[PDB]
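Have a look at the structure below, then the notes.
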Amino acid sequence: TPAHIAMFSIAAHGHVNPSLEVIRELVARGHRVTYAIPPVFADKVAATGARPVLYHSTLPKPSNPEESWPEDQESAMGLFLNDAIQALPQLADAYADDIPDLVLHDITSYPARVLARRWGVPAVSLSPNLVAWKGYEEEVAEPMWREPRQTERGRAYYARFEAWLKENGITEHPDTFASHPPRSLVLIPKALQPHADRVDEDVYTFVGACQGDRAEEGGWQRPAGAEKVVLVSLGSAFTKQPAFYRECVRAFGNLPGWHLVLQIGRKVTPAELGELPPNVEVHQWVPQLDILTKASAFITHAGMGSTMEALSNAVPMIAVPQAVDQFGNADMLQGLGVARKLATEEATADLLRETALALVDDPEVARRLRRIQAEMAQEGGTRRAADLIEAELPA
Ligand SMILES: O=c1ccn([C@@H]2O[C@H](COP(=O)(O)OP(=O)(O)O[C@H]3O[C@H](CO)[C@@H](O)[C@H](O)[C@H]3O)[C@@H](O)[C@H]2O)c(=O)[nH]1
């Protein structure tokens, strides 16, 4: 019947946007859903009809320029452990008189896995990124995560992680606890999961995506004459590239028929870019998904969320990866023939312009984009995700 579903995430657009429509659907079907979220995102999540349950997070918030995420994986996992340790008691208290029938959580929310186990309720991981295949432990986890860190920093990380887990009655190795959920819905296109053939289907179910108007974000109107709209965005975090943005202005400025929407983040000011020609507009934040329904090209850092939205609208990409997993994703995008990967250094005005002109006229990039878009249309929709979640509800 109508149950209590509690969703858990952090204040990061890439970890909240991919599941908003699913939360909205669960509310619409009559479930009472709470959304554990840091205060800066309360409004953003309240837009789904779920009630925000607030808690203080120590992770970098996207609104504050004084903060930034690290570029390396090991520092990020450090951040997630620290945040989890201080966030768990707050969330335990907040939910002490109302324990949900099911727990939904983004991959970053360790407290949700701990509270799920201590409560005895099911937990569903919602992954806005790729998941472990069978053989992940021997192919990447041991060679690239564990074996390169037999350091005092590594040993400290594991000692604190396992002390925290064992403090909470959990005996799993920290790495299986973090990287191997018992049940997960994968919100990315199968076409972009490495070794999708070897992903345990009894654990993971690809639901691809379904995106609706984030009407809260407002709209963007195509200006008159703008035949080819190109959006430039390096995301929410790794956005401090003023030299690259100036190269974008010089690649598309005054190009007849092209219009450039340049999203520069909040650590670069428009003044840093010089005089702007009439066909280029600059923002520190854009309604990105609305612009991707109208864009002919997307110059992206290849973050998972932006890539998902672009593929969902079948817009060709120039992938300029900035940090962490983006490089791998850029490579996959190029490996699928829907994007060109450029390093930030080599992204000069002339090569940006000729790469964009090439991508938008290439019939083969369009047909591989439509194929991926149809595959995503066929891994169910939001209603299949809500069905699988409801299926995890007990009696
Ligand atoms: O002007 C803008 C800029 C971005 N977005 C949206 O913001 C979300 C971000 O998507 P994604 O590109 O996947 O996230 P990023 O900001 O690129 O990356 C983060 O992903 C990791 C998750 O913790 C961390 O390393 C840091 O947050 C950072 O790397 C997407 O839904 C975009 O549509 C907008 O709506 N308007």
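Labels for the structure tokens follow display order: chains A, B, ..., residues from 1 in each chain, ligands from 1.
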Using only C-alpha atoms, what table do you get, as a Markdown table, when you list each residue of region 26-90 of chain A with an atom no more than 12 Å from region 204-223 of chain A, its nearest pair of atoms, and their distance in Å rounded to one decimal, rows by chain then rising number?
```
| residue | atom | partner | partner_atom | distance |
| --- | --- | --- | --- | --- |
| A:43 | CA | A:216 | CA | 9.7 |
| A:44 | CA | A:216 | CA | 8.1 |
| A:45 | CA | A:216 | CA | 10.5 |
| A:46 | CA | A:216 | CA | 10.7 |
| A:47 | CA | A:216 | CA | 7.6 |
| A:48 | CA | A:214 | CA | 10.2 |
```
Find the residues around residue 76 (chain A) up to 10 Å (only C-alpha atoms counted), leave out those fewer than 6 positions away in its own chain, and share them as a PDB file with N, CA, C and O atoms, in the first residue's frame.
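Once written, selection-v1.pdb looks like this:
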```
ATOM      1  N   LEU A  59      30.717  18.391   2.971  1.00  0.00           N
ATOM      2  CA  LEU A  59      31.271  18.316   1.630  1.00  0.00           C
ATOM      3  C   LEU A  59      31.153  19.662   0.929  1.00  0.00           C
ATOM      4  O   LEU A  59      30.321  20.491   1.304  1.00  0.00           O
ATOM      5  N   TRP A  69      35.892  20.642  -4.839  1.00  0.00           N
ATOM      6  CA  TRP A  69      36.168  19.231  -4.650  1.00  0.00           C
ATOM      7  C   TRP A  69      37.609  18.925  -5.035  1.00  0.00           C
ATOM      8  O   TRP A  69      38.188  19.613  -5.877  1.00  0.00           O
ATOM      9  N   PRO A  70      38.195  17.881  -4.457  1.00  0.00           N
ATOM     10  CA  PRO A  70      39.536  17.472  -4.881  1.00  0.00           C
ATOM     11  C   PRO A  70      39.482  16.838  -6.263  1.00  0.00           C
ATOM     12  O   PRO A  70      38.430  16.415  -6.749  1.00  0.00           O
ATOM     13  N   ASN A  82      34.497  11.038   6.076  1.00  0.00           N
ATOM     14  CA  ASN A  82      34.360  12.042   7.133  1.00  0.00           C
ATOM     15  C   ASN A  82      32.919  12.528   7.230  1.00  0.00           C
ATOM     16  O   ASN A  82      32.316  12.550   8.320  1.00  0.00           O
ATOM     17  N   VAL A 324      38.887  13.582 -12.180  1.00  0.00           N
ATOM     18  CA  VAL A 324      38.373  12.279 -11.740  1.00  0.00           C
ATOM     19  C   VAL A 324      37.903  11.405 -12.902  1.00  0.00           C
ATOM     20  O   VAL A 324      38.662  11.147 -13.844  1.00  0.00           O
TER      21      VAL A 324
END
```
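Between CA of residue 340 (chain A) and atom 29 (O, counted along the ligand's line) of ligand 1 there is a distance of 20.2 Å.
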Counting only C-alpha atoms and all ligand atoms, which of A:268, A:372, A:342, A:232 gets nearest to ligand 1? A:232
Can you work out which residues are within 8 Å of ligand 1, considering only C-alpha atoms and all ligand atoms, and then hand them over as number ranges by chain? A: 12-18, 60, 62, 69-71, 76, 108, 128, 217, 233-238, 263-265, 283-289, 301-309, 323-324
Print the selection's residues with N, CA and C atoms to a file, as a CSV table (one decimal), in the first residue's frame.
```
chain,number,residue,atom,x,y,z
A,12,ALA,N,24.8,17.9,-4.1
A,12,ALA,CA,25.5,18.0,-5.4
A,12,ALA,C,24.5,17.7,-6.5
A,13,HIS,N,24.4,18.6,-7.4
A,13,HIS,CA,23.5,18.6,-8.5
A,13,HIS,C,23.6,17.2,-9.3
A,14,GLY,N,24.8,16.8,-9.5
A,14,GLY,CA,25.0,15.5,-10.2
A,14,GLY,C,24.5,14.3,-9.5
A,15,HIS,N,24.3,14.4,-8.2
A,15,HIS,CA,23.8,13.3,-7.4
A,15,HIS,C,22.4,13.5,-6.9
A,16,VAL,N,21.7,14.5,-7.3
A,16,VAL,CA,20.3,14.8,-7.0
A,16,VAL,C,19.4,14.8,-8.3
A,17,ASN,N,19.9,15.5,-9.3
A,17,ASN,CA,19.2,15.6,-10.6
A,17,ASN,C,18.8,14.3,-11.2
A,18,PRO,N,19.7,13.2,-11.2
A,18,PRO,CA,19.3,12.0,-12.0
A,18,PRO,C,18.1,11.3,-11.4
A,60,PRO,N,32.0,19.9,-0.1
A,60,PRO,CA,32.0,21.2,-0.7
A,60,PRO,C,30.6,21.5,-1.3
A,62,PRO,N,28.0,23.6,-3.8
A,62,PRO,CA,28.2,24.2,-5.2
A,62,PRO,C,28.0,25.7,-5.2
A,69,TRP,N,35.9,20.6,-4.8
A,69,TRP,CA,36.2,19.2,-4.6
A,69,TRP,C,37.6,18.9,-5.0
A,70,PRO,N,38.2,17.9,-4.5
A,70,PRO,CA,39.5,17.5,-4.9
A,70,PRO,C,39.5,16.8,-6.3
A,71,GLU,N,40.7,16.8,-6.9
A,71,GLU,CA,40.7,16.2,-8.2
A,71,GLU,C,41.1,14.7,-8.2
A,76,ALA,N,38.6,12.3,-2.4
A,76,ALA,CA,37.2,12.3,-2.4
A,76,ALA,C,36.6,11.3,-1.5
A,108,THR,N,26.8,8.1,-2.7
A,108,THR,CA,27.7,8.8,-1.7
A,108,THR,C,27.2,8.7,-0.3
A,128,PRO,N,24.1,7.2,-10.1
A,128,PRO,CA,24.2,8.1,-11.3
A,128,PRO,C,25.5,8.0,-12.0
A,217,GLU,N,13.8,25.4,-12.7
A,217,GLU,CA,15.0,26.1,-13.3
A,217,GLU,C,14.6,27.2,-14.3
A,233,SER,N,29.7,24.1,-21.0
A,233,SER,CA,29.6,24.0,-19.5
A,233,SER,C,30.6,23.0,-19.0
A,234,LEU,N,31.4,23.3,-18.0
A,234,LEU,CA,32.2,22.4,-17.3
A,234,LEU,C,31.6,21.9,-16.0
A,235,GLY,N,30.3,22.1,-15.9
A,235,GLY,CA,29.6,21.5,-14.7
A,235,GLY,C,29.4,22.5,-13.6
A,236,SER,N,29.2,22.0,-12.4
A,236,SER,CA,29.1,22.8,-11.2
A,236,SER,C,30.4,22.9,-10.4
A,237,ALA,N,31.3,21.9,-10.4
A,237,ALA,CA,32.5,21.9,-9.6
A,237,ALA,C,33.7,22.5,-10.3
A,238,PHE,N,34.2,21.8,-11.4
A,238,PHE,CA,35.5,22.1,-12.0
A,238,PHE,C,35.4,23.1,-13.1
A,263,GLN,N,28.5,29.0,-20.0
A,263,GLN,CA,28.3,28.8,-18.6
A,263,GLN,C,29.7,28.7,-17.9
A,264,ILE,N,30.0,29.7,-17.1
A,264,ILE,CA,31.4,29.8,-16.6
A,264,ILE,C,31.6,29.5,-15.1
A,265,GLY,N,30.5,29.1,-14.4
A,265,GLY,CA,30.6,28.8,-13.0
A,265,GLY,C,30.7,30.0,-12.2
A,283,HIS,N,26.8,33.2,-18.5
A,283,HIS,CA,26.1,33.0,-17.2
A,283,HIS,C,27.0,32.2,-16.3
A,284,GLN,N,26.7,32.4,-15.0
A,284,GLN,CA,27.3,31.6,-14.0
A,284,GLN,C,26.5,30.4,-13.6
A,285,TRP,N,25.3,30.3,-14.2
A,285,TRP,CA,24.4,29.1,-14.0
A,285,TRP,C,23.4,29.2,-15.1
A,286,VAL,N,23.1,28.1,-15.7
A,286,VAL,CA,22.1,28.0,-16.8
A,286,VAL,C,21.1,26.9,-16.5
A,287,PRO,N,19.8,27.1,-17.0
A,287,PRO,CA,18.9,25.9,-17.1
A,287,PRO,C,19.4,24.9,-18.1
A,288,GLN,N,20.3,24.1,-17.7
A,288,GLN,CA,21.1,23.3,-18.7
A,288,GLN,C,20.2,22.3,-19.5
A,289,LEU,N,19.3,21.6,-18.8
A,289,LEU,CA,18.5,20.6,-19.5
A,289,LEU,C,17.6,21.2,-20.5
A,301,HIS,N,32.5,19.0,-19.9
A,301,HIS,CA,33.5,18.3,-19.1
A,301,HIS,C,33.3,16.8,-19.0
A,302,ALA,N,32.2,16.4,-19.6
A,302,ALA,CA,31.8,14.9,-19.6
A,302,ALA,C,31.5,14.4,-18.2
A,303,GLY,N,31.0,15.2,-17.3
A,303,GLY,CA,30.4,14.7,-16.1
A,303,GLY,C,29.2,13.8,-16.5
A,304,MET,N,29.0,12.9,-15.6
A,304,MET,CA,27.9,11.9,-15.9
A,304,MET,C,26.6,12.5,-16.1
A,305,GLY,N,26.2,13.5,-15.3
A,305,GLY,CA,24.8,14.0,-15.4
A,305,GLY,C,24.7,14.8,-16.8
A,306,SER,N,25.7,15.6,-17.1
A,306,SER,CA,25.6,16.4,-18.3
A,306,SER,C,25.6,15.4,-19.5
A,307,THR,N,26.5,14.4,-19.5
A,307,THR,CA,26.5,13.4,-20.6
A,307,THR,C,25.1,12.8,-20.7
A,308,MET,N,24.6,12.3,-19.6
A,308,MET,CA,23.2,11.7,-19.7
A,308,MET,C,22.2,12.6,-20.3
A,309,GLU,N,22.2,13.9,-20.0
A,309,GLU,CA,21.3,14.8,-20.5
A,309,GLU,C,21.5,15.0,-22.0
A,323,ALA,N,38.6,16.4,-14.5
A,323,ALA,CA,39.1,15.7,-13.3
A,323,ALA,C,38.4,14.4,-13.1
A,324,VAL,N,38.9,13.6,-12.2
A,324,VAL,CA,38.4,12.3,-11.7
A,324,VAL,C,37.9,11.4,-12.9
```
So that I can check the secondary structure, give me every residue of region 5-174 of chain A assigned alpha helix (DSSP H) by backbone DSSP, as a compact mmCIF listing (two decimals) with N, CA, C and O atoms, in the first residue's frame.
```
# COMPACT_ATOMS: atom_id res chain seq x y z
N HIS A 13 24.45 18.65 -7.43
CA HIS A 13 23.49 18.56 -8.54
C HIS A 13 23.59 17.23 -9.29
O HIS A 13 22.57 16.63 -9.65
N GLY A 14 24.82 16.76 -9.55
CA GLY A 14 24.99 15.50 -10.24
C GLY A 14 24.50 14.28 -9.47
O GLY A 14 24.31 13.22 -10.07
N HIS A 15 24.29 14.42 -8.17
CA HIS A 15 23.81 13.31 -7.35
C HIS A 15 22.36 13.48 -6.91
O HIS A 15 21.85 12.64 -6.16
N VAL A 16 21.69 14.54 -7.34
CA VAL A 16 20.29 14.77 -7.04
C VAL A 16 19.44 14.83 -8.30
O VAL A 16 18.37 14.22 -8.35
N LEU A 20 15.47 12.87 -9.42
CA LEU A 20 14.35 13.74 -9.06
C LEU A 20 13.04 13.22 -9.63
O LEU A 20 12.03 13.15 -8.92
N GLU A 21 13.03 12.84 -10.92
CA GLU A 21 11.79 12.38 -11.54
C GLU A 21 11.29 11.10 -10.89
O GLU A 21 10.08 10.92 -10.76
N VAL A 22 12.20 10.23 -10.47
CA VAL A 22 11.77 9.01 -9.79
C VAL A 22 11.12 9.34 -8.45
O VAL A 22 10.06 8.81 -8.12
N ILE A 23 11.74 10.25 -7.68
CA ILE A 23 11.14 10.67 -6.42
C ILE A 23 9.76 11.28 -6.65
O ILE A 23 8.79 10.96 -5.95
N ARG A 24 9.66 12.15 -7.66
CA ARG A 24 8.39 12.79 -8.03
C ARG A 24 7.33 11.75 -8.38
O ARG A 24 6.16 11.88 -8.00
N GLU A 25 7.73 10.71 -9.12
CA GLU A 25 6.81 9.65 -9.47
C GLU A 25 6.35 8.88 -8.24
O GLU A 25 5.17 8.55 -8.11
N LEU A 26 7.27 8.60 -7.31
CA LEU A 26 6.88 7.90 -6.10
C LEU A 26 5.89 8.72 -5.28
O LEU A 26 4.93 8.17 -4.73
N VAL A 27 6.09 10.04 -5.21
CA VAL A 27 5.12 10.90 -4.51
C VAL A 27 3.78 10.83 -5.21
O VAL A 27 2.72 10.67 -4.58
N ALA A 28 3.81 10.98 -6.54
CA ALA A 28 2.59 10.99 -7.33
C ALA A 28 1.79 9.71 -7.15
O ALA A 28 0.56 9.74 -7.15
N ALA A 42 17.35 22.09 0.19
CA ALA A 42 16.00 21.80 0.65
C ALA A 42 14.97 22.15 -0.41
O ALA A 42 14.20 21.29 -0.86
N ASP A 43 15.02 23.40 -0.90
CA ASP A 43 14.07 23.84 -1.91
C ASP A 43 14.13 22.95 -3.14
O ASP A 43 13.10 22.44 -3.61
N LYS A 44 15.35 22.68 -3.62
CA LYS A 44 15.49 21.91 -4.85
C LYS A 44 14.80 20.56 -4.72
O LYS A 44 14.16 20.09 -5.67
N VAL A 45 14.86 19.94 -3.54
CA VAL A 45 14.26 18.61 -3.41
C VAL A 45 12.78 18.72 -3.04
O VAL A 45 11.98 17.86 -3.43
N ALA A 46 12.38 19.79 -2.34
CA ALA A 46 10.98 19.94 -1.99
C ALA A 46 10.10 20.07 -3.23
O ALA A 46 8.90 19.79 -3.16
N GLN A 73 40.90 10.66 -6.62
CA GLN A 73 39.86 9.79 -6.07
C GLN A 73 40.02 9.59 -4.56
O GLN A 73 39.03 9.58 -3.81
N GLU A 74 41.27 9.45 -4.09
CA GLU A 74 41.50 9.10 -2.69
C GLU A 74 41.07 10.21 -1.75
O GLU A 74 40.45 9.93 -0.71
N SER A 75 41.25 11.47 -2.15
CA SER A 75 40.80 12.58 -1.31
C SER A 75 39.28 12.67 -1.28
O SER A 75 38.70 13.03 -0.24
N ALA A 76 38.62 12.31 -2.38
CA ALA A 76 37.17 12.33 -2.43
C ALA A 76 36.59 11.27 -1.50
O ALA A 76 35.67 11.55 -0.72
N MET A 77 37.15 10.06 -1.54
CA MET A 77 36.67 9.01 -0.64
C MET A 77 36.94 9.37 0.82
O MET A 77 36.14 9.04 1.71
N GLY A 78 38.06 10.04 1.09
CA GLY A 78 38.26 10.61 2.41
C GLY A 78 37.12 11.54 2.82
O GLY A 78 36.58 11.44 3.93
N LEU A 79 36.74 12.44 1.90
CA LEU A 79 35.63 13.36 2.19
C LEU A 79 34.35 12.61 2.51
O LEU A 79 33.61 12.98 3.43
N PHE A 80 34.06 11.54 1.75
CA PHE A 80 32.81 10.81 1.96
C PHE A 80 32.80 10.10 3.30
O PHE A 80 31.77 10.07 3.98
N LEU A 81 33.93 9.52 3.71
CA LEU A 81 33.97 8.89 5.02
C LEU A 81 33.76 9.91 6.13
O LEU A 81 32.93 9.71 7.03
N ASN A 82 34.50 11.04 6.08
CA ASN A 82 34.36 12.04 7.13
C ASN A 82 32.92 12.53 7.23
O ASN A 82 32.32 12.55 8.32
N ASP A 83 32.35 12.91 6.09
CA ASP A 83 30.97 13.39 6.08
C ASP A 83 30.03 12.35 6.66
O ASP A 83 29.14 12.68 7.45
N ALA A 84 30.22 11.08 6.29
CA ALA A 84 29.34 10.04 6.79
C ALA A 84 29.44 9.94 8.30
O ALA A 84 28.41 9.84 8.99
N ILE A 85 30.66 9.99 8.85
CA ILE A 85 30.81 9.80 10.28
C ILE A 85 30.07 10.89 11.04
O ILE A 85 29.35 10.62 12.01
N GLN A 86 30.21 12.15 10.60
CA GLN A 86 29.48 13.19 11.33
C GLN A 86 28.00 13.29 10.95
O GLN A 86 27.23 13.93 11.68
N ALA A 87 27.57 12.71 9.83
CA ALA A 87 26.19 12.85 9.39
C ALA A 87 25.29 11.76 9.94
O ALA A 87 24.10 12.01 10.16
N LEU A 88 25.84 10.56 10.16
CA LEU A 88 25.08 9.42 10.66
C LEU A 88 24.32 9.71 11.95
O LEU A 88 23.10 9.47 11.98
N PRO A 89 24.93 10.22 13.03
CA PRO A 89 24.13 10.48 14.23
C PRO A 89 23.03 11.51 14.01
O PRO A 89 21.94 11.36 14.60
N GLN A 90 23.25 12.52 13.17
CA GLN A 90 22.16 13.46 12.91
C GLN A 90 20.99 12.77 12.22
O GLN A 90 19.83 13.01 12.56
N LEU A 91 21.28 11.88 11.27
CA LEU A 91 20.19 11.26 10.53
C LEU A 91 19.49 10.21 11.37
O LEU A 91 18.26 10.08 11.31
N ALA A 92 20.26 9.48 12.19
CA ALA A 92 19.67 8.56 13.16
C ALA A 92 18.69 9.29 14.07
O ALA A 92 17.57 8.82 14.30
N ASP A 93 19.09 10.46 14.58
CA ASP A 93 18.15 11.22 15.42
C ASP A 93 16.95 11.72 14.63
O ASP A 93 15.81 11.64 15.11
N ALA A 94 17.17 12.26 13.43
CA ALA A 94 16.07 12.85 12.68
C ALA A 94 14.98 11.84 12.38
O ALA A 94 13.79 12.20 12.34
N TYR A 110 26.86 6.91 2.65
CA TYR A 110 27.14 5.82 3.58
C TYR A 110 26.17 5.76 4.76
O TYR A 110 25.77 4.64 5.14
N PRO A 111 25.77 6.88 5.39
CA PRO A 111 24.81 6.77 6.50
C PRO A 111 23.55 6.03 6.12
O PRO A 111 22.98 5.33 6.97
N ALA A 112 23.09 6.14 4.86
CA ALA A 112 21.85 5.46 4.49
C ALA A 112 22.03 3.95 4.49
O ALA A 112 21.11 3.21 4.88
N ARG A 113 23.20 3.46 4.09
CA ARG A 113 23.42 2.02 4.18
C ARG A 113 23.48 1.58 5.64
O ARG A 113 22.89 0.55 6.01
N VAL A 114 24.11 2.39 6.50
CA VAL A 114 24.21 1.98 7.90
C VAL A 114 22.84 2.00 8.57
O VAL A 114 22.45 1.04 9.25
N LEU A 115 22.07 3.06 8.36
CA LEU A 115 20.74 3.16 8.95
C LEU A 115 19.82 2.07 8.42
O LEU A 115 19.00 1.52 9.16
N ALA A 116 19.93 1.76 7.13
CA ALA A 116 19.15 0.66 6.58
C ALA A 116 19.43 -0.64 7.33
O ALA A 116 18.50 -1.34 7.74
N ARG A 117 20.72 -0.96 7.54
CA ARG A 117 21.04 -2.22 8.22
C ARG A 117 20.61 -2.21 9.68
O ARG A 117 20.04 -3.19 10.16
N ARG A 118 20.83 -1.09 10.38
CA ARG A 118 20.46 -1.01 11.79
C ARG A 118 18.94 -1.04 11.97
O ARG A 118 18.45 -1.50 13.00
N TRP A 119 18.20 -0.57 10.97
CA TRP A 119 16.75 -0.58 11.01
C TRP A 119 16.13 -1.89 10.54
O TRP A 119 14.97 -2.16 10.88
N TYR A 136 35.48 -6.79 -11.21
CA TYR A 136 35.97 -5.46 -10.88
C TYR A 136 37.05 -5.51 -9.82
O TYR A 136 38.04 -4.76 -9.87
N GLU A 152 50.69 4.99 5.07
CA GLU A 152 50.07 5.32 6.34
C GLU A 152 48.72 6.01 6.15
O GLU A 152 47.80 5.78 6.94
N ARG A 153 48.56 6.78 5.08
CA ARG A 153 47.26 7.39 4.81
C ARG A 153 46.22 6.33 4.44
O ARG A 153 45.08 6.36 4.94
N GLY A 154 46.60 5.37 3.59
CA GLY A 154 45.72 4.25 3.31
C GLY A 154 45.34 3.46 4.55
O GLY A 154 44.16 3.20 4.80
N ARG A 155 46.34 3.09 5.36
CA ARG A 155 46.07 2.27 6.54
C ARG A 155 45.21 3.02 7.54
O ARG A 155 44.34 2.43 8.19
N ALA A 156 45.41 4.34 7.66
CA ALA A 156 44.55 5.15 8.52
C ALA A 156 43.12 5.17 8.00
O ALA A 156 42.16 5.03 8.78
N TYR A 157 42.96 5.35 6.68
CA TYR A 157 41.63 5.33 6.09
C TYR A 157 40.90 4.04 6.44
O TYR A 157 39.75 4.06 6.91
N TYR A 158 41.57 2.89 6.25
CA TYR A 158 40.88 1.63 6.52
C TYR A 158 40.63 1.43 8.00
O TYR A 158 39.57 0.93 8.40
N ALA A 159 41.56 1.87 8.86
CA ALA A 159 41.36 1.67 10.29
C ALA A 159 40.16 2.47 10.79
O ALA A 159 39.34 1.95 11.57
N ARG A 160 40.00 3.71 10.31
CA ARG A 160 38.85 4.51 10.72
C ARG A 160 37.56 3.97 10.10
O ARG A 160 36.52 3.93 10.76
N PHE A 161 37.61 3.58 8.83
CA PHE A 161 36.41 3.07 8.18
C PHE A 161 35.90 1.82 8.87
O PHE A 161 34.70 1.69 9.13
N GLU A 162 36.80 0.88 9.15
CA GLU A 162 36.36 -0.37 9.76
C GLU A 162 36.01 -0.19 11.23
O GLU A 162 35.14 -0.90 11.75
N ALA A 163 36.64 0.76 11.92
CA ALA A 163 36.20 1.06 13.28
C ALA A 163 34.80 1.64 13.27
O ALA A 163 33.98 1.33 14.15
N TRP A 164 34.49 2.49 12.29
CA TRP A 164 33.16 3.08 12.21
C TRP A 164 32.11 2.03 11.85
O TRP A 164 31.05 1.95 12.51
N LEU A 165 32.40 1.19 10.86
CA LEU A 165 31.49 0.11 10.49
C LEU A 165 31.26 -0.84 11.66
O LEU A 165 30.12 -1.20 11.97
N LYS A 166 32.34 -1.27 12.33
CA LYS A 166 32.18 -2.24 13.42
C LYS A 166 31.49 -1.62 14.63
O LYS A 166 30.69 -2.27 15.30
N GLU A 167 31.74 -0.33 14.87
CA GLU A 167 30.95 0.47 15.80
C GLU A 167 29.47 0.38 15.50
O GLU A 167 28.64 0.39 16.42
N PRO A 174 35.59 -2.31 4.24
CA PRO A 174 35.16 -0.97 3.80
C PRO A 174 34.95 -0.86 2.30
O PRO A 174 34.03 -0.15 1.87
```
